$ cat protein.cif   # mmCIF, N, CA, C and O atoms and all ligand atoms
data_protein
loop_
_atom_site.label_atom_id
_atom_site.label_comp_id
_atom_site.auth_asym_id
_atom_site.auth_seq_id
_atom_site.Cartn_x
_atom_site.Cartn_y
_atom_site.Cartn_z
N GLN A 100 -28.22 141.82 -19.49
CA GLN A 100 -27.29 142.91 -19.85
C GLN A 100 -26.08 143.10 -18.90
O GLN A 100 -25.28 144.00 -19.11
N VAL A 101 -25.90 142.28 -17.86
CA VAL A 101 -24.70 142.35 -17.00
C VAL A 101 -23.41 141.94 -17.74
O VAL A 101 -23.47 141.11 -18.64
N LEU A 102 -22.23 142.48 -17.38
CA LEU A 102 -20.95 142.04 -17.96
C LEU A 102 -20.68 140.56 -17.67
O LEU A 102 -20.79 140.10 -16.53
N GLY A 103 -20.30 139.82 -18.71
CA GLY A 103 -19.90 138.42 -18.59
C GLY A 103 -18.40 138.22 -18.36
O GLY A 103 -17.66 139.18 -18.14
N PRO A 104 -17.96 136.96 -18.36
CA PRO A 104 -16.62 136.55 -17.93
C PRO A 104 -15.52 136.91 -18.96
O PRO A 104 -15.80 137.18 -20.13
N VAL A 105 -14.26 136.86 -18.51
CA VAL A 105 -13.03 137.04 -19.31
C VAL A 105 -12.13 135.80 -19.25
O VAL A 105 -11.86 135.30 -18.16
N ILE A 106 -11.59 135.32 -20.37
CA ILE A 106 -10.61 134.21 -20.42
C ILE A 106 -9.29 134.68 -21.07
O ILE A 106 -9.29 135.57 -21.91
N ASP A 107 -8.17 134.07 -20.66
CA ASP A 107 -6.83 134.49 -21.08
C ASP A 107 -5.78 133.38 -21.05
O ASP A 107 -4.58 133.65 -21.09
N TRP A 108 -6.22 132.13 -20.94
CA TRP A 108 -5.41 130.91 -20.96
C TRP A 108 -4.32 130.76 -19.89
O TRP A 108 -3.70 129.71 -19.79
N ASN A 109 -4.12 131.76 -19.04
CA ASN A 109 -3.15 131.76 -17.95
C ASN A 109 -3.46 130.69 -16.90
O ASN A 109 -4.37 130.84 -16.08
N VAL A 110 -2.68 129.62 -16.89
CA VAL A 110 -2.74 128.57 -15.88
C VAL A 110 -2.41 129.08 -14.47
O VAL A 110 -3.17 128.81 -13.55
N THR A 111 -1.34 129.86 -14.30
CA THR A 111 -0.82 130.33 -12.99
C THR A 111 -1.88 131.08 -12.19
O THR A 111 -1.98 130.94 -10.98
N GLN A 112 -2.71 131.86 -12.86
CA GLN A 112 -3.85 132.55 -12.27
C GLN A 112 -4.89 131.61 -11.63
O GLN A 112 -5.54 132.00 -10.66
N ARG A 113 -5.04 130.38 -12.13
CA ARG A 113 -6.03 129.37 -11.69
C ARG A 113 -5.45 128.25 -10.83
O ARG A 113 -6.12 127.25 -10.60
N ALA A 114 -4.22 128.40 -10.35
CA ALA A 114 -3.63 127.49 -9.37
C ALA A 114 -4.48 127.36 -8.10
O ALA A 114 -5.00 128.37 -7.62
N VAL A 115 -4.59 126.15 -7.53
CA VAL A 115 -5.30 125.88 -6.26
C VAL A 115 -4.36 125.04 -5.36
O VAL A 115 -3.87 124.00 -5.79
N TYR A 116 -4.10 125.52 -4.14
CA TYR A 116 -3.02 125.02 -3.28
C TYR A 116 -3.51 124.10 -2.16
O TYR A 116 -3.04 122.97 -2.04
N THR B 693 6.91 102.45 -86.29
CA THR B 693 7.04 103.05 -87.63
C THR B 693 7.58 102.07 -88.66
O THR B 693 7.22 102.16 -89.83
N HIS B 694 8.40 101.11 -88.27
CA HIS B 694 8.92 100.09 -89.17
C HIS B 694 9.14 98.80 -88.40
O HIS B 694 9.48 98.82 -87.22
N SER B 695 8.91 97.69 -89.08
CA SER B 695 8.97 96.34 -88.55
C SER B 695 9.52 95.44 -89.65
O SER B 695 8.87 95.20 -90.66
N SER B 696 10.74 94.96 -89.44
CA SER B 696 11.43 93.88 -90.13
C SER B 696 11.89 92.88 -89.07
O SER B 696 12.19 93.28 -87.94
N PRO B 697 12.03 91.60 -89.41
CA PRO B 697 12.57 90.58 -88.52
C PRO B 697 13.91 90.95 -87.84
O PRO B 697 14.16 90.56 -86.70
N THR B 698 14.75 91.75 -88.50
CA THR B 698 16.04 92.22 -87.98
C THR B 698 16.06 93.69 -87.57
O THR B 698 17.07 94.16 -87.07
N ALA B 699 14.98 94.45 -87.80
CA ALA B 699 14.98 95.89 -87.61
C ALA B 699 13.62 96.44 -87.22
O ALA B 699 12.62 96.19 -87.87
N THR B 700 13.59 97.30 -86.21
CA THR B 700 12.38 98.01 -85.80
C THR B 700 12.67 99.48 -85.60
O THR B 700 13.80 99.90 -85.34
N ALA B 701 11.59 100.25 -85.65
CA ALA B 701 11.59 101.65 -85.26
C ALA B 701 10.27 102.02 -84.57
O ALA B 701 9.21 101.49 -84.93
N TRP B 702 10.34 102.90 -83.58
CA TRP B 702 9.20 103.35 -82.77
C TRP B 702 9.30 104.86 -82.47
O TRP B 702 10.38 105.44 -82.43
N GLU B 703 8.16 105.47 -82.21
CA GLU B 703 7.99 106.88 -81.89
C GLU B 703 7.12 107.00 -80.64
O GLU B 703 6.17 106.24 -80.48
N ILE B 704 7.44 107.96 -79.78
CA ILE B 704 6.71 108.19 -78.54
C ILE B 704 6.48 109.68 -78.37
O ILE B 704 7.41 110.48 -78.50
N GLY B 705 5.25 110.05 -78.03
CA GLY B 705 4.85 111.41 -77.76
C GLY B 705 4.67 111.65 -76.27
O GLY B 705 3.70 111.16 -75.69
N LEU B 706 5.59 112.40 -75.67
CA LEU B 706 5.58 112.72 -74.25
C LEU B 706 5.27 114.19 -74.03
O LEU B 706 5.85 115.09 -74.63
N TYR B 707 4.31 114.43 -73.16
CA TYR B 707 3.87 115.74 -72.70
C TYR B 707 4.33 115.89 -71.26
O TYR B 707 4.22 114.96 -70.47
N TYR B 708 4.92 117.04 -70.92
CA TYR B 708 5.39 117.34 -69.57
C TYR B 708 4.75 118.61 -69.06
O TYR B 708 4.69 119.61 -69.77
N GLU B 709 4.39 118.61 -67.78
CA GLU B 709 3.98 119.82 -67.08
C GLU B 709 4.97 120.10 -65.96
O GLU B 709 5.19 119.29 -65.06
N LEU B 710 5.59 121.28 -66.05
CA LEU B 710 6.53 121.78 -65.07
C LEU B 710 5.84 122.92 -64.34
O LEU B 710 5.48 123.94 -64.92
N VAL B 711 5.68 122.73 -63.04
CA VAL B 711 5.32 123.77 -62.07
C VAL B 711 6.54 124.70 -61.91
O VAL B 711 7.64 124.20 -61.70
N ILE B 712 6.35 126.02 -61.96
CA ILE B 712 7.40 126.98 -61.62
C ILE B 712 7.07 127.54 -60.20
O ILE B 712 5.99 128.12 -60.03
N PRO B 713 7.94 127.35 -59.18
CA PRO B 713 7.71 127.85 -57.83
C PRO B 713 7.77 129.37 -57.74
O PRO B 713 8.65 130.00 -58.30
N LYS B 714 6.89 129.96 -56.94
CA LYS B 714 6.98 131.36 -56.52
C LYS B 714 7.71 131.49 -55.19
O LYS B 714 8.52 132.39 -55.01
N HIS B 715 7.44 130.58 -54.25
CA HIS B 715 8.15 130.51 -52.97
C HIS B 715 8.10 129.06 -52.45
O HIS B 715 7.23 128.29 -52.85
N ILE B 716 9.06 128.70 -51.60
CA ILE B 716 9.25 127.37 -51.02
C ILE B 716 9.43 127.51 -49.49
O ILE B 716 10.31 128.23 -49.03
N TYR B 717 8.64 126.79 -48.68
CA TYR B 717 8.62 126.88 -47.21
C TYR B 717 9.01 125.56 -46.54
O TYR B 717 8.38 124.53 -46.81
N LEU B 718 10.03 125.55 -45.68
CA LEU B 718 10.66 124.32 -45.20
C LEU B 718 10.33 124.00 -43.74
O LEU B 718 10.04 122.85 -43.41
N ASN B 719 10.34 124.99 -42.86
CA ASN B 719 10.18 124.76 -41.43
C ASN B 719 8.75 125.09 -41.01
O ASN B 719 8.44 126.24 -40.68
N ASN B 720 7.88 124.09 -41.02
CA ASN B 720 6.43 124.29 -40.93
C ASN B 720 5.82 123.53 -39.76
O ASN B 720 6.23 122.42 -39.43
N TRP B 721 4.76 124.10 -39.20
CA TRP B 721 3.94 123.52 -38.14
C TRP B 721 2.48 123.51 -38.55
O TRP B 721 1.95 124.53 -39.00
N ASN B 722 1.82 122.38 -38.32
CA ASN B 722 0.37 122.27 -38.24
C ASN B 722 -0.15 122.97 -36.98
O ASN B 722 0.45 122.85 -35.92
N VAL B 723 -1.28 123.66 -37.10
CA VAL B 723 -2.13 124.17 -36.00
C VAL B 723 -2.95 123.04 -35.34
O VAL B 723 -3.34 122.10 -36.03
N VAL B 724 -3.28 123.13 -34.04
CA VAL B 724 -4.29 122.31 -33.33
C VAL B 724 -5.05 123.26 -32.38
O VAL B 724 -4.42 124.00 -31.63
N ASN B 725 -6.39 123.28 -32.40
CA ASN B 725 -7.22 124.26 -31.67
C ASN B 725 -7.90 123.67 -30.42
O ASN B 725 -8.97 123.08 -30.50
N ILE B 726 -7.34 123.85 -29.23
CA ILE B 726 -7.84 123.19 -28.02
C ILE B 726 -8.97 123.98 -27.33
O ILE B 726 -9.82 123.40 -26.65
N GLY B 727 -9.02 125.30 -27.51
CA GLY B 727 -10.07 126.11 -26.89
C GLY B 727 -9.99 126.17 -25.38
O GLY B 727 -8.90 126.16 -24.81
N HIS B 728 -11.14 126.30 -24.74
CA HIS B 728 -11.27 126.48 -23.30
C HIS B 728 -12.66 125.99 -22.87
O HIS B 728 -13.60 126.06 -23.66
N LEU B 729 -12.83 125.53 -21.63
CA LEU B 729 -14.16 125.29 -21.06
C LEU B 729 -14.63 126.48 -20.23
O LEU B 729 -13.82 127.13 -19.58
N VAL B 730 -15.94 126.74 -20.25
CA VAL B 730 -16.63 127.81 -19.50
C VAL B 730 -17.90 127.22 -18.88
O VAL B 730 -18.65 126.49 -19.53
N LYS B 731 -18.19 127.56 -17.63
CA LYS B 731 -19.43 127.19 -16.95
C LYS B 731 -20.31 128.43 -16.85
O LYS B 731 -19.86 129.45 -16.34
N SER B 732 -21.55 128.40 -17.35
CA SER B 732 -22.39 129.61 -17.41
C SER B 732 -23.86 129.29 -17.22
O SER B 732 -24.44 128.52 -18.00
N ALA B 733 -24.44 129.88 -16.18
CA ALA B 733 -25.83 129.74 -15.72
C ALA B 733 -26.26 128.26 -15.72
O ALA B 733 -27.32 127.88 -16.20
N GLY B 734 -25.37 127.42 -15.20
CA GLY B 734 -25.57 125.98 -15.10
C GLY B 734 -25.03 125.18 -16.29
O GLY B 734 -24.84 123.98 -16.14
N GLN B 735 -24.70 125.75 -17.45
CA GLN B 735 -24.30 124.96 -18.61
C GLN B 735 -22.79 124.99 -18.86
O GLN B 735 -22.19 126.06 -18.95
N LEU B 736 -22.17 123.82 -19.00
CA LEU B 736 -20.77 123.69 -19.42
C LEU B 736 -20.66 123.87 -20.94
O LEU B 736 -21.38 123.26 -21.73
N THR B 737 -19.73 124.71 -21.35
CA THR B 737 -19.62 125.18 -22.72
C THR B 737 -18.15 125.07 -23.13
O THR B 737 -17.27 125.42 -22.35
N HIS B 738 -17.87 124.59 -24.34
CA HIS B 738 -16.54 124.60 -24.95
C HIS B 738 -16.44 125.77 -25.93
O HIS B 738 -17.34 126.00 -26.74
N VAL B 739 -15.39 126.56 -25.82
CA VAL B 739 -15.22 127.82 -26.54
C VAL B 739 -13.94 127.74 -27.36
O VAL B 739 -12.90 127.27 -26.89
N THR B 740 -14.03 128.22 -28.59
CA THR B 740 -12.98 128.13 -29.60
C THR B 740 -12.94 129.38 -30.47
O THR B 740 -13.97 130.00 -30.75
N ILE B 741 -11.74 129.71 -30.94
CA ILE B 741 -11.49 130.84 -31.83
C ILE B 741 -11.27 130.33 -33.24
O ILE B 741 -10.43 129.45 -33.42
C1 LIG C 801 -0.67 134.98 -15.21
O1 LIG C 801 -1.14 134.82 -13.84
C2 LIG C 801 -0.14 135.17 -12.82
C3 LIG C 801 -0.87 135.06 -11.47
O2 LIG C 801 -1.92 136.04 -11.40
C4 LIG C 801 0.47 136.56 -13.08
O3 LIG C 801 1.72 136.61 -12.33
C5 LIG C 801 1.86 137.68 -11.37
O4 LIG C 801 2.25 138.90 -12.06
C6 LIG C 801 2.29 140.05 -11.13
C7 LIG C 801 2.52 141.31 -11.96
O5 LIG C 801 1.31 141.56 -12.71
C8 LIG C 801 3.36 139.81 -10.05
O6 LIG C 801 3.21 140.81 -9.00
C9 LIG C 801 3.21 138.44 -9.37
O7 LIG C 801 4.40 138.19 -8.59
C10 LIG C 801 2.95 137.29 -10.36
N1 LIG C 801 2.52 136.08 -9.63
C11 LIG C 801 2.79 134.86 -10.08
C12 LIG C 801 2.20 133.70 -9.27
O8 LIG C 801 3.46 134.66 -11.09
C13 LIG C 801 0.92 136.80 -14.52
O9 LIG C 801 1.33 138.18 -14.68
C14 LIG C 801 -0.24 136.44 -15.45
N2 LIG C 801 0.07 136.70 -16.86
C15 LIG C 801 1.02 136.06 -17.53
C16 LIG C 801 1.12 136.38 -19.03
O10 LIG C 801 1.75 135.24 -17.00
#

$ encode --input "protein.cif" --output "structure tokens" --more "lines below"
Ligand SMILES: *[C@@H]1O[C@H](CO)[C@@H](O[C@@H]2O[C@H](CO)[C@@H](O)[C@H](O)[C@H]2NC(C)=O)[C@H](O)[C@H]1NC(C)=O
Amino acid sequence: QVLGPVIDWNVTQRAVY
Amino acid sequence: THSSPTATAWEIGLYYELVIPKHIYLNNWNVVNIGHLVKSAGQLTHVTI
């Protein structure tokens, strides 16, 4: 019953430097 | 209908179907559904709308 994940297709949010 | 060495006659029965348009659309795109990947409690999952 815990809250699960959210998706929104935003590439910029998932950038890794 | 008639056949002589110098003269003939023929008849043809033609049926036509004409579509009448309600609307016409010119600038069109096909859809393609790529979805997203999700990793959850060890399992990789592909998700689509
Ligand atoms: C997509 O992700 C990026 C990164 O989280 C969001 O861009 C930021 O937007 C805030 C305002 O909400 C600004 O303060 C930041 O300067 C932005 N950072 C970058 C790296 O762009 C963005 O709002 C998200 N949503 C969309 C639709 O792009």

$ residues_near_ligand --input "protein.cif" --ligand "ligand LIG 801 (chain C)" --cutoff "7 Å" --atoms "only C-alpha atoms and all ligand atoms" --output "JSON list (two decimals) with N, CA, C and O atoms, in the frame of the given file"
[["chain", "number", "residue", "atom", "x", "y", "z"],
["A", 109, "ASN", "N", -4.12, 131.76, -19.04],
["A", 109, "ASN", "CA", -3.15, 131.76, -17.95],
["A", 109, "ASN", "C", -3.46, 130.69, -16.90],
["A", 109, "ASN", "O", -4.37, 130.84, -16.08],
["A", 110, "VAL", "N", -2.68, 129.62, -16.89],
["A", 110, "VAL", "CA", -2.74, 128.57, -15.88],
["A", 110, "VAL", "C", -2.41, 129.08, -14.47],
["A", 110, "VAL", "O", -3.17, 128.81, -13.55],
["A", 111, "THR", "N", -1.34, 129.86, -14.30],
["A", 111, "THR", "CA", -0.82, 130.33, -12.99],
["A", 111, "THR", "C", -1.88, 131.08, -12.19],
["A", 111, "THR", "O", -1.98, 130.94, -10.98],
["A", 112, "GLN", "N", -2.71, 131.86, -12.86],
["A", 112, "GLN", "CA", -3.85, 132.55, -12.27],
["A", 112, "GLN", "C", -4.89, 131.61, -11.63],
["A", 112, "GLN", "O", -5.54, 132.00, -10.66]]

$ closest_atom_pairs --input "protein.cif" --of "chain A" --to "chain B" --cutoff "8 Å" --atoms "all atoms listed in the file" --output "CSV"
residue,atom,partner,partner_atom,distance
A:104,CA,B:731,O,8.0
A:106,CA,B:729,O,7.8
A:108,CA,B:727,O,7.0

$ atom_distance --input "protein.cif" --atom1 "CA of residue 725 in chain B" --atom2 "CA of residue 107 in chain A"
14.7 Å

$ axis_aligned_box --input "protein.cif" --around "range 695-698 of chain B" --padding-each-side "3 Å" --output "AutoDock Vina command-line options"
--center_x 13.0 --center_y 94.1 --center_z -88.7 --size_x 14.2 --size_y 13.1 --size_z 10.0
